[PDB]
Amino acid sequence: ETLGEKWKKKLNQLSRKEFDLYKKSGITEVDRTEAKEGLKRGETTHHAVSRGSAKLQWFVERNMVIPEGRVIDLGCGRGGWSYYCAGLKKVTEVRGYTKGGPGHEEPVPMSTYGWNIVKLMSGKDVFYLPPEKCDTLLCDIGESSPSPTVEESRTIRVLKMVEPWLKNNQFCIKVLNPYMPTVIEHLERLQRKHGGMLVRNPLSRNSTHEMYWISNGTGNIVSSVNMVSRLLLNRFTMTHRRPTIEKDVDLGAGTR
């Protein structure tokens, strides 16, 4: 039994009150107050549509993924990763795909900096899309489940779906459940072929063990995964630590 599976069993036993106190304990988060108020008013400039823009920003500012050329954003939801990439000088086109419909986020139209190079398309299930030529492949798909075997299936499905899109390109891919042994086996195979490394984002909630496979890095996947399991298990042992609260991103305005 992995450290991650022990964390999962403990998470599943939490009452709603305990879960609500645990999920943000000691994490980092952006203050969404101003963006939520502006989005409620129908403002289309400056605001990030979701917490996703700051989340991807964290990796990009650390050179973990360096978006460039034609960017594909799989599972774009409202479009946070797409609108953030649209403002980056090396980026020339952003194509976002998302499922939409009941239970799923629809793309939000915005006029943030670089909006003219963005096309967000809903009604697109990526498990039925043929791969396209691109210079950057982003993917933020992985639905949490109380069942780690359901999450293992969903993670493996994402890893097999993204591979044909990977052609010596920059990438940032969510790995919903990176601790299940079958997932580690696929990740090690993928890293041997395409390189990169698995990284824990400090903006991720403690309620998910997600890590992101990024193109610009090296390291031992197993070691990185167990470090997150230990961190997340340690966060059950202490009173809630209020999160580090940072300013949200300003995505500006205008065409590129």
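One rule holds for the numbers: they count along the sequence shown, beginning at 1.
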Between 197-205 and 36-44, which has the larger average Cα B-factor in the PDB entry? 36-44
Would you tell me which stretch averages the higher CA B-factor in the PDB entry, 207-215 or 63-71? 63-71
Kindly indicate the residue among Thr98, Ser145, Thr155, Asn169 with the greatest C-alpha B-factor in the PDB record. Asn169
Which one, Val228, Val49, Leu190, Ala54, has the peak C-alpha temperature factor per the PDB entry? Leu190
For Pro164, return the chain-relative third of its C-alpha B-factor as stated in the PDB record: lowest, middle or highest. highest
According to the PDB entry, is the CA B factor of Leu137 in the bottom, middle or top third of its chain, that is, lowest, middle or highest? middle
If you rank every modelled residue in this chain by C-alpha B factor, which third holds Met238: lowest, middle or highest? highest
Taking the chain's C-alpha temperature factors as the reference, tell me which third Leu232 falls into: lowest, middle or highest. lowest
Lowest, middle or highest third of the chain for the C-alpha temperature factor of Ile173? lowest
